[PDB]
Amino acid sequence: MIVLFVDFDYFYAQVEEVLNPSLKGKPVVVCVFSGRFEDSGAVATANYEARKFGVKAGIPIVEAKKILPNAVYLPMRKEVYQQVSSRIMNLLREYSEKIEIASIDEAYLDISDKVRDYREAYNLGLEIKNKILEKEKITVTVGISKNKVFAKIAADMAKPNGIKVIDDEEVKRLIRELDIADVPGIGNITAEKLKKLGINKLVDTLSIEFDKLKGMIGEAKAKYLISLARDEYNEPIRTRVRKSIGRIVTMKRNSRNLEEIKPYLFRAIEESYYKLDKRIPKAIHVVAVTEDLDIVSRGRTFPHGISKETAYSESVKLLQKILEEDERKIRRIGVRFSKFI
C-alpha cells in the first residue's frame, strides 16, 4: 500500500496572499477578532514570514501585534478558504478515487493502483504540487509512505513547499528514532502521560503491559500506538461523513443573565440552520465556554427531526439547565446539531 498526503501551506494566509498578491513577502496574520475590546481574539494562522518570529495559530492578536506591530492583519474569511479548498480537493480526485478529506487543508489519497513504487509516487507528488500551483497558485507539502500516519509525518518533516518519502527502512528507523509527541493523535496531554510511563519513542510502547497502557491513555489510543510500533498500522482511506454541524460565538461581556445570552444563542442557531442546508438533525446540544475557559454542554436527542422553531425553544431550556447547574459566568455560547436523518 502507498499513501500520498497533501497539506496546503499556511493555508488561510496563503489564500489571502493569492487573492491580494501585494501581500507576498510581508508577514500576514489571519485573525479571529472576538469583539470584546480592540484586538481581542486569537490568530487563526500566519504565513512563514510571521511565524519565524513566533506569531502563530493560538496566540492572542494583542500578542502578535506586540511582536510584529507592522505585519498585515486580516480578519478570517472561512467561506472563501472553504470554496478554494473544494476546488483543490477536486484536482486531487483526478489522481485517485479513494480520497480522505481530513480537514479544510488536508487530504490522503490511496495511489496504490495508480503507481508502482516510491520513484513513481515522488513524480505523481510533483505532478500534483505543480498542477495545484498551476491551477490555483497554491503551494502544498506532500508526504508519501506505507500508511496514513507516516504519510502525514513525512509532510510535517518536509514543510513548507516540500515533498518527502518515508520508505520502509525509515519507517523502522522512525519507530525507534521519532519522538512519540511528534506522532499524529498525540497532544500535550497524552505526551505527558506517556513520559510518566517512560514511553518517549514509539518503540517503548512494546516495553509495557498492554493493560497499563489502556489504563492510562485509553484502549483505542493504546492499540493505535502498538500497531504503529509494530509496523502493522494499516487503516484505509475512507470518505469522511459530516456527522455534526454547529457554531459557537463569543459574547461581548461574560454574563449569567438569560436575556443577555439569548441573542448570541439565537444567532448561533440561525447560522447553524443555514449551514445545515436541507439536512435534518434529531439532536441539539448547547455548548458554553465558562469564564475560566472550561466547557459545559447540555443536550437532547429527539425521536424526530428538529424544526428551527423547536430548536429555539429547546436551546433555551438547555441554556437554563447550564445556568442552574454551573455557577460560573458564560464567556462563549452556542449549539451543535447532529444525528441527521
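In this text, rigid core is short for the largest set of C-alphas that superpose within 1.5 Å between two forms. Residue numbers run from 1 along the displayed sequence.
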Task: Core-fitted comparison in 8 other deposited structures of this protein, 18 to 26 vs 322 to 330, farther C-alphas - done: 322 to 330
Open item on the list: Do the Cα atoms of 119 to 127 or of 218 to 226 sit farther, on average, from the shown structure in 8 other deposited structures of this protein when the rigid core is superposed?
Closed with: 218 to 226
Task: Entry-level comparison of average CA B-factors, 182 to 190 and 209 to 217, reporting the higher stretch - done: 209 to 217
Task: Selected stretch [higher average CA B-factor]: 82 to 90 or 252 to 260 - done: 252 to 260
- [ ] Return the residue from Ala158, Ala71, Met76, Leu126 that has the highest Cα B-factor in the entry.
- [x] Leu126
Task: Position of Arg119 among the chain's modelled residues by C-alpha B-factor, lowest, middle or highest third - done: highest
Open item on the list: Ranking the modelled residues of this chain by C-alpha B-factor as given in the entry, is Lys164 in the lowest, middle or highest third?
Closed with: middle
Task: Record-listed C-alpha B factor of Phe37: chain third - done: highest
Task: Entry-reported Cα temperature factor of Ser315, expressed as the chain third it lands in - done: lowest
- [ ] Please rank the C-alpha B-factors of the chain's modelled residues and tell me whether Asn130 sits in the lowest, middle or highest third.
- [x] middle
